[PDB]
């Protein structure tokens, strides 16, 4: 009977397009300019926040024209975890970050807890400066211990269930060419 790949095609067919890939590229361009002005002379280590950060960072990187390094980090947060302690670390920041300017790049700012915990841990390693870049910002959705606002924001959105351009629908659909809203039948 019915498969997961079958449901995924269906989810995609029922979805509503919120941003075309061209609009995302535009947002990525806007961010690049802002990142340039701030970080061009900082010799930053740009940290990809796995796995949501992958396609945004990939597309963003070649728009960045100043010396930089790349690294990555991976952390997961439980549903009911509001402190930031009790977040599972898959890939930790390194001591190499000590005395370095760091830019953290993720797909979405929601509650803000994952990214705050990640930033704290990067700081705990001795990073001179820490910035944050986010493709989408769910501006109406912070919680007290969350990273309140990000330094660089591609797009501002309402609380939709969204996917595409690195954002998953249950691990699928990171490859969808834009930002899509999940039909209420599929949320």
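Numbering follows the first chain given and starts at 1.
Enquirer: With respect to the recorded C-alpha B factors, which stretch has the higher mean value, 82-90 or 69-77?
Expert: Higher mean C-alpha B-factor in the PDB entry: 82-90.
Enquirer: Sorting 154, 58, 146, 52 by Cα temperature factor from the record, which one lands on top?
Expert: Max CA B-factor in the entry, restricted to 154, 58, 146, 52: 146.
Enquirer: Pull the Cα B-factor of residue 11 out of the PDB entry and bin it into the chain's lowest, middle or highest third.
Expert: Its C-alpha B-factor, which the entry lists for residue 11, ranks in the middle third among residues of this chain.
Enquirer: Compared with the other modelled residues in the chain, in which third is the CA B-factor of residue 102?
Expert: For residue 102, the deposited C-alpha B-factor lands in the lowest third.
Enquirer: Going by the entry, which third of its chain does the Cα temperature factor of residue 137 land in?
Expert: Tercile = lowest for this residue's CA B-factor.
Enquirer: Quick check for you: using the entry's CA B-factors within this chain, is residue 109 in the lowest, middle or highest third?
Expert: Middle third.
Enquirer: Could you say whether, by C-alpha temperature factor, residue 31 belongs to the lowest, middle or highest third of its chain?
Expert: Lowest third of the chain for residue 31's C-alpha B-factor.
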